[PDB]
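A single chain, nothing else alongside it, follows as structure tokens in the form deposited in one PDB entry.
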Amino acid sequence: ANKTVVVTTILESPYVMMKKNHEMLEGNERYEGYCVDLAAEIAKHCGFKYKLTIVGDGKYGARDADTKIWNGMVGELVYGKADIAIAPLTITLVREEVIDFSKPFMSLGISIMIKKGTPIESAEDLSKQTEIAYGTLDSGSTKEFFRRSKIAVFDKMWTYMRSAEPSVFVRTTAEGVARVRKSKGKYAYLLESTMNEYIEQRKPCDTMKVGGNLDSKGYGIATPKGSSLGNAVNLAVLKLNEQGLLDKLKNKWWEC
């Protein structure tokens, strides 16, 4: 690279977190987490300096159907605000058409979060009932998945979600988790298995993952199309995996 690399990411524990004493720290030293360590290791094996930045709008990435404008970390790569995205960013077909992804460094699938005691076990259960509302993050891969799915059960769920009143969408993942906890079992949150399981095993220990994953995908490091950094970043990811660092980082950062 010829400049200091601008890395965009999102504040999502345990991937990126503010240090207890971040107010006294400068630059990259303010943050900590799985993706903070991963960026240092990618930058080390690619030979560039980098500055960690938090995505301005706090979004993963969605595409406006009318204007085709992207937002979130995806938009920051498409419109030249960032050089690389190191975050739990899901590899998707639609995103792969405007940005480049490295090979996945972590796997996941869409899963269901419920409040302990809710009579729900699968997405089939959710689509066949009207007592428990459900929704997902509005600006992420999960919304994209349901919007595009030709699969009957998932299309039926999408049709219900976008027509529900009050809205069942949430604009952050934390909003979704909180909605489950305060809805007395009347709201089920559709989110990725990684965060679902993470929340499950932590206080107040009142949420739970039910059913199996709805699909199988992974997180990847993203760069803009044509960037002379994607090839290097891709090899770095594969080297860190083959050397065993990704397993070490997983164990490092991963109660009820």
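The first residue of the sequence shown is number 1, and the count goes up from there. Definition used throughout: the rigid core is the maximal C-alpha set that superposes within 1.5 Å between two forms.
Look at the C-alpha B-factors of 57 to 65 and of 207 to 215. On average they run higher in 207 to 215.
Stretches compared: 121 to 129, 173 to 181. Higher mean C-alpha B-factor in the entry: 121 to 129. Taking the PDB entry at face value, the top CA B factor among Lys81, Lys116, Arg95, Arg148 belongs to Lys116. The entry lists a Cα temperature factor for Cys256 that places it in the highest third of the chain's modelled residues. Remark: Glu41 belongs to the middle third of its chain, ranked by C-alpha B-factor as recorded. Per the deposited record, the Cα B-factor of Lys186 falls in the highest third when ranked against the other modelled residues of its chain. When the CA B factors of the chain's modelled residues are split into thirds, the value for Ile10 lands in the middle one.
Ranked by C-alpha B-factor against the other modelled residues of its chain, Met161 falls in the middle third.
There is also a form deposited in another entry; it is not shown, and the following applies to it.
The one residue among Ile42, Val55, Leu191, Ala62 whose Cα position changes by 2 Å or more between the shown form and the other one, with the core held fixed by superposition, is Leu191. For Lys209, the Cα coordinates differ by 2 angstroms or more between the shown form and the other one after the core has been superposed. In the core-superposed comparison between the shown form and the other one, the C-alpha atom of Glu96 has shifted by less than 2 angstroms. After superposition on the rigid core, the Cα atom of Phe105 is displaced by less than 2 Å between the shown form and the other one.
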